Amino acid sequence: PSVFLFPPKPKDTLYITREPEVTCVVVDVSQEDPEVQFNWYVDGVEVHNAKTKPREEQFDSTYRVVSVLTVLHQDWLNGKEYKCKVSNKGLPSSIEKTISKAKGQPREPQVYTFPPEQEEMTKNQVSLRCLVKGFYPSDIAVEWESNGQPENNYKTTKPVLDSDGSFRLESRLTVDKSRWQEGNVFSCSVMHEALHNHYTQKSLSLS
């Protein structure tokens, strides 16, 4: 009977028109609905604006209950503590979790792009690489774009810790070789709190 607490999507905290939320999940292998209750707290003060969904059966036959707490962009970025406490109805025993933005001087990402490797120029689909390093905290969003429109066909690694305490990750965008050959510009878009206006972009095209 275990509880998970997830931070907001990094993009949501960095763009004020987005709706960042923290997410509390209860996973339970037992059919018996124990009628879980959530208490939420921001820096130890209970709040009441969480939206909790009904118990649902998962594909693996376990049961999960999801509770979402809307958060203020600055509240997350200023290191406020989000506490999820879970109770079965009228039974005082409880499990809690706490998360918060990691502490430490924010550091700006450095962004590198790489064209496809030439022994890949024999394939129908080629890869573009965006390497991002030197950043703190780990909270970051990496996306791609071309001709002012999003590219969805990318995979991004989990953040890895370098030995100076800053993080790094790599994204790879897979596109049809014809698109790369026709001279289209592909932008790696990087969103991090330590970047000016939380955004920078590096661009890649054939010459």
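Counting begins at 1, following the sequence as shown.
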query: Per the entry, higher mean C-alpha B factor between 29 to 37 and 151 to 159; finding: 29 to 37
query: Between the two ranges 78 to 86 and 118 to 126, the one averaging a larger CA B factor in the entry; finding: 118 to 126
query: 50, 169, 142, 173, ranked by C-alpha B-factor: the highest one; finding: 50
query: Relative C-alpha B-factor of residue 99, binned into the chain's lowest, middle or highest third; finding: middle
query: Third assignment of residue 16 from its chain's C-alpha B-factors; finding: highest
query: For residue 164, the third of its chain into which the C-alpha B factor falls; finding: lowest
query: Third of the chain, ranked by Cα B-factor, where residue 3 sits; finding: middle
query: Ranked against its chain, the third holding the CA B-factor of residue 137; finding: lowest
